[PDB]
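Chemist: I'd like to ask you about the structure that follows.
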Amino acid sequence: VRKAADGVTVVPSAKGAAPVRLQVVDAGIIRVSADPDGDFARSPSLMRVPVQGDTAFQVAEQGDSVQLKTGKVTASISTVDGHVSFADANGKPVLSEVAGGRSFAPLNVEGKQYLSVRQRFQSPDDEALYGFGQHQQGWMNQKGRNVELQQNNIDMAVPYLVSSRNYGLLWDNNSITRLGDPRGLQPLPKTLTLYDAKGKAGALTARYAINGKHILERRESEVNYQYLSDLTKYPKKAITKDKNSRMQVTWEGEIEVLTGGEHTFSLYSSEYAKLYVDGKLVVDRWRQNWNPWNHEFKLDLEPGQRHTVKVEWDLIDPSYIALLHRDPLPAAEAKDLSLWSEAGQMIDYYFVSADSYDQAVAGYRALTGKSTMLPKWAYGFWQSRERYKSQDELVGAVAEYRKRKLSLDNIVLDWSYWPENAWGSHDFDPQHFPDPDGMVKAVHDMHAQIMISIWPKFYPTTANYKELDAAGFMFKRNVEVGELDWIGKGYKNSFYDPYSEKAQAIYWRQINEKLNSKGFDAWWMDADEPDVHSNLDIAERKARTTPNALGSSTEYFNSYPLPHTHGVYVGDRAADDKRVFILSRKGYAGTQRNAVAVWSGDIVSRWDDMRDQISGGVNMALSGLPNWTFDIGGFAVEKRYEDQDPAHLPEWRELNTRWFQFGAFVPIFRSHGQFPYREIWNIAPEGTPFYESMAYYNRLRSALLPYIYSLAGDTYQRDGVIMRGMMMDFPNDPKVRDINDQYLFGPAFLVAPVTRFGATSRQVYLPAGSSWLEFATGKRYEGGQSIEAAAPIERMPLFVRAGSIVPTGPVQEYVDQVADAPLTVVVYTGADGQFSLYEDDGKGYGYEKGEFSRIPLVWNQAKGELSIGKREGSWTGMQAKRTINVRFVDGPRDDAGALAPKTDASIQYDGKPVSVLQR
Ligand SMILES: O[C@@H]1[C@@H](O)[C@@H](O)OC[C@H]1O
Ligand SMILES: [K+]
């Protein structure tokens, strides 16, 4: 037993048990490293930042154990096999590794020897787990689920996990990583017996057609057109590339399992895909052809009995599909919490003791960095398009929002503003963008900010490619094989290597000269998975992104966006004193410290996709990234929407309206997508209920800005989140652990988006222990019940927790439009409450030096008294003296939810404590 200033190392006595080392990072944060070699040498962590905490501890030796005790945690290490167990300050057990539960296996790749590592933990049936990124299965609770971390367009990896048992876990590994089954999805015949449509064993029956005309039939032992390399087996006779011809494939047969229990499956698919098991529809999905993804299901199956399978695929060239399977784990490990990683040097993780879900997130921010404050205008409405094709189109959109007096802060310029053959030059095509400097000035003159797309992608004919390539920072393989992108005739292209500080310097310098010099406000840092060529198999994605400056893409598969965004953050911040804003398609552990917001990628205009974002956003927040958004309405659309078929116009309008209501209540409020156009008046004309609704929520957002921005300030000040899972504030209510279509927008607003076409109401579960006020009526509902909440097309169910204090302002066409606006404090009565209102200049980094104010608001229910406490702090432009209106909502009120509601009292405030009585 070896003692150190910050922990101990134990070499266990059992043969094969790896040495283990514990380090105290803080009283409630313990690092655990296990390494067969006993050296604990690893590649320098990319996610970690330094922590200066209380590293005091005391050691005791029992018979089979060494125990480390801080003020918050007791960690016990077995001297026999090294397995670690955690208990809290009162000795109550919290988390224990499985004894003998470590695995290390050699992986010899790219000239190195790595270990694939696996750690198993004991996990009770009633433990709930959240986080591990942002995913697309619609699962809120992750307990018992298999989740693979592999950066993809719509699937985001962040290796931080939070548990209902009052802890969090940071898994410091940058390779492909698996929660649950460490083996990943198997080909169909691996642990299943197949029978075709005529009962013959060994395969299913595959039938291929073109435009409803059968081409051929054959037996197939797998359903696998998953990646580009798999497409070479598609029957050449059955392929049509005609502009408006479609293809169809069916698979039909039976399956039988070899081991009984819970079997999980994934139908990976693009375009239209259905799957029937025993004649019951199990998957019914559409995605755009170039972005397939996993659609998982599960079945309880036992050997000896057959079950029918029928797959129906309706596609265009090219599309992708695969039916994959996992058989049950052995009983001894099937219930464990298991973390696996493809490539590393050792097992290395951090245990975070958390009295609340909030404290769990705070430990992630301690370990990987505080969440940089974003500009205040970033929390207003964003309008985007794929794509504005000229500067007249982009400027025209801002001007039309101004003409209609709709609220708009930010406008976005998508890809392809450059000359076609010059991706990566950051030049503008003069045909469509003849005066980029004048474009930016025209937007600024209308009191709006403009963000521009910048990829990690370069064409080999550009000066910028050759500068990066000559310095060694261009990945070479995609150009060596001559892979052509999708633009016009097709262009060779590659992506740069961001891991070296020298590469980041070149990348930013090019952007600074060409774009930052013209006044652009924000950077849309797209495709940083990186998406070198969509739908390559994983071996090719790795081979076309390796070697990097630190090692292989196998060791660093998920970490690309972290150094990529870091370089732009550092460069932009050194260029002037304004706060940076970045929208990155991928986040990762630590990306919040580089002023990076993220979004869920190229999801589709489908009701299922909309509902899936609710649980995606909650788990994103609990993974530790607080600034998150999506494309309102979805990104890619079916032909019935693209062609604007009048028969589907009502559903198109209802979907985008429901999704717009939802987007107004997520951290960043943003409209984007492919044709049709997505601006409010282009969704539906004025006079329709869709326009009325979108206009209402567009303006309501601006009135709620004091509330929203106060939460933004506390993402930094209190290491907090904005989008809150219902279990964060109601951790003792079991009914909120698994609900996947409700959440809290800050502490006050319970949000229940409507995700069914033609619904005029929906079930909403109200958490127990508080009463709730319907935002649109003031009707009071007691907690702990499900209700049929009214939801006409124009309004989304929204409820306010009793005791909520919500600072609001007047409707604004843009941030700070009305100077010295009055503040309206709205109290939703029914219980005690408090809200410390955060304010600052919203523009620079003065908050880092304490340039911010906090005004305490305290509501006492018994006395009916709102106490406005003494102001603390000051900043450039603060209102020393200001008008504060107060509004009390204690039940049904005629103007409930009005954009400009009646106020019940008004005082002048100068920073000294003042009291307002309801009476
Ligand atoms: O949001 C889109 C992004 O995900 C990618 O596909 O490039 C174009 C953008 O419009
Ligand atoms: K700056």
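We name chains A, B, ... following the order of the structure tokens; residues begin at 1 in each chain, and ligands are numbered from 1 as shown.
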Considering only C-alpha atoms, return as an MDAnalysis selection string whatever protein or nucleic-acid residues lie within 12 Å of residue 140 (chain A), sequence-local ones (same chain, fewer than 4 positions apart) excluded.

Modeler: chainID A and resid 128:136 144:145 611:622 725:727 736:743

Chemist: What do you get as a ChimeraX atom specification if you pick all residues at most 8 Å from ligand 1, counting only C-alpha atoms and all ligand atoms?

Modeler: /A:153,385-387,414-415,526-527,585,601-602,631,635,672-674

Chemist: Smallest atom-to-atom distance to ligand 2: which of A:220, A:638, A:577, A:679, using only C-alpha atoms and all ligand atoms?

Modeler: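 Ranking A:220, A:638, A:577, A:679 by distance to ligand 2, first place goes to A:577.
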
Chemist: Report the closest atom pair, with its distance in Å rounded to one decimal, for each residue of chain A that has an atom no farther than 8 Å from ligand 2; count only C-alpha atoms and all ligand atoms, sort by chain and then rising residue number, and write it as a tab-separated table.

Modeler:
```
residue	atom	partner	partner_atom_place_in_ligand_line	distance
A:571	CA	ligand 2	1 (K)	8.0
A:572	CA	ligand 2	1 (K)	4.7
A:573	CA	ligand 2	1 (K)	3.8
A:574	CA	ligand 2	1 (K)	6.4
A:575	CA	ligand 2	1 (K)	5.6
A:576	CA	ligand 2	1 (K)	4.3
A:577	CA	ligand 2	1 (K)	4.8
A:578	CA	ligand 2	1 (K)	4.0
A:579	CA	ligand 2	1 (K)	5.1
A:580	CA	ligand 2	1 (K)	5.2
```

Chemist: In Å, with one decimal, what is the gap from CA of residue 802 (chain A) to CA of residue 790 (chain A)?

Modeler: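 If I compute the distance from CA of residue 802 (chain A) to CA of residue 790 (chain A), I get 19.5 Å.
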
Chemist: What are the nearest atom pairs, with distances in Å to one decimal, for all residues of region 171-208 of chain A that come at most 10 Å from region 547-563 of chain A, using only C-alpha atoms, set out by chain and rising residue number as a tab-separated table?

Modeler:
```
residue	atom	partner	partner_atom	distance
A:173	CA	A:555	CA	8.2
A:174	CA	A:556	CA	4.9
A:175	CA	A:557	CA	4.9
A:176	CA	A:557	CA	6.3
A:177	CA	A:558	CA	8.9
```

Chemist: Please determine, counting only C-alpha atoms, which residue among A:844, A:215, A:600, A:724 has the shortest atom-to-atom distance to residue 581 (chain A).

Modeler: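 The answer is A:844, which sits nearest to residue 581 (chain A).
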
Chemist: Name the residues of region 72-272 of chain A that fall into strand (DSSP E or B) according to DSSP on the backbone, using the chain letters and numbers of this document, as a PyMOL selection string.

Modeler: chain A and resi 73-78+84-88+93-109+112-121+129-131+134+147-149+152+155-156+160-163+167-171+177-179+186-187+192-196+201+204-210+213-220+224-225+247-257+261-269+271-272

Chemist: How far is it from CA of residue 442 (chain A) to CA of residue 391 (chain A), in Å with one decimal?

Modeler: 9.9 Å

Chemist: Which parts of region 376-604 of chain A does DSSP call helix (DSSP H, G or I) when run on the backbone here, written out as a ChimeraX atom specification?

Modeler: /A:376-379,391-403,436-445,463-470,477-480,501-514,516-518,538-543,561-575,591-594

Chemist: As an exercise, work out the distance from CA of residue 797 (chain A) to CA of residue 661 (chain A) in Å and give it to one decimal place.

Modeler: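 Separating CA of residue 797 (chain A) from CA of residue 661 (chain A) is a distance of 9.6 Å.
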
Chemist: I'd like to know which of A:219, A:102, A:882, A:795 is closest to residue 693 (chain A), using only C-alpha atoms.

Modeler: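 That would be A:795, the residue with the smallest distance to residue 693 (chain A).
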
Chemist: Considering only C-alpha atoms, can you say which of A:520, A:227, A:675, A:499 comes closest to residue 412 (chain A)?

Modeler: A:520

Chemist: Show which residues sit within 9 Å of region 755-761 of chain A, as a PyMOL selection string. Count only C-alpha atoms, and ignore same-chain residues fewer than 2 positions away.

Modeler: chain A and resi 607-608+610-611+651+654-655+658-659+741+753+763+788-793+796-797

Chemist: Tell me which protein, DNA and RNA residues are within 7 Å of residue 187 (chain A), counting only C-alpha atoms, leaving out same-chain ones fewer than 5 positions away, and put them as a count of residues only.

Modeler: 3

Chemist: With distances taken over only C-alpha atoms, which of A:166, A:156, A:46, A:884 is nearest to residue 820 (chain A)?

Modeler: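 For residue 820 (chain A), the nearest of the given residues is A:884.
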